[PDB]
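A single chain, nothing else alongside it, follows as structure tokens in the form deposited in one PDB entry.
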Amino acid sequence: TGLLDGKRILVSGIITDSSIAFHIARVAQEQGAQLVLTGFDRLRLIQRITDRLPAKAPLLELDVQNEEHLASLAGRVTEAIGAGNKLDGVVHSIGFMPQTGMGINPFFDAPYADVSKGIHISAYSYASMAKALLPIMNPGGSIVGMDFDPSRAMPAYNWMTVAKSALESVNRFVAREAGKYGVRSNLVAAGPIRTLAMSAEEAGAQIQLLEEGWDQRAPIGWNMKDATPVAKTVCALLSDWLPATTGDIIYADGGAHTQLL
């Protein structure tokens, strides 16, 4: 029947109805998965948004910068899914880099305190999440994080590129640790998606050009307005169908990164 039938999966990172996490969660539920959701800060808002999912799922608070949150997470998840049950899947869909580290703001003018906070949330927390949740994961399990290909520099993405580069490195080490539990760890490198995070002059035309250029570069085409292909890719990694891939990066980007022009 379903790709993820009877799988118990934690999904972090829903803040709006256009969040990549929201669509991962939707597709997961459509594929039979039982979800536990984690949210940061605006919990009333997130509750409202998660009520728009196909099925009701427990919502837990998790600020990845808060050590007490991380320390209590496994026990809170356990209360949510019942004692004796474990997670088969964990989705990290969390990213942040202050504005000083982004966009038209000069690369050299981002204070390290700002960069450090961004690396904390966007890269380090992937290890933190794994640390907190691996002790309640089943063998055969899967941890997935969200990446945006940082192998080459580019305008605007700036210090977030550096954080993603750090994330890829972190992922390779998480895989070493996860392996001990029989759990895989991977990243999905997504093409650009018009989530509300796109906010990070003539931004509109330029973002549309990004869309047209990415679609042209991608041999199978690309639609920035549609998170679904990315959500399906995450679910694939959550499933039993990529059992020998770990510490690795799957590109759900239309194939654009394989083409120079």
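Note that residue numbering follows the sequence shown and begins at 1. Rigid core: the largest C-alpha set superposing within 1.5 Å between the two forms. Only residues modelled in both forms are compared.
Another form, the form deposited in another entry, is not on view; read the next lines as being about it.
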Only residue that shifts (Cα, 2 Å or more, rigid core superposed) between the shown form and the other one, among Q47, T228, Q206, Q65 = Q206
Did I207 and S18 drift closer or farther in that other deposited form, going by a CA distance change of 3 angstroms or more?
-> farther
Working note: in that other deposited form the C-alpha atoms of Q208 and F108, off by 3 Å or more, come closer
Run through the residues found in both forms and list the stretches of 3 or more in a row whose CA moves by 2 Å or more between the shown form and the other one, fitted on the rigid core.
-> 201-213
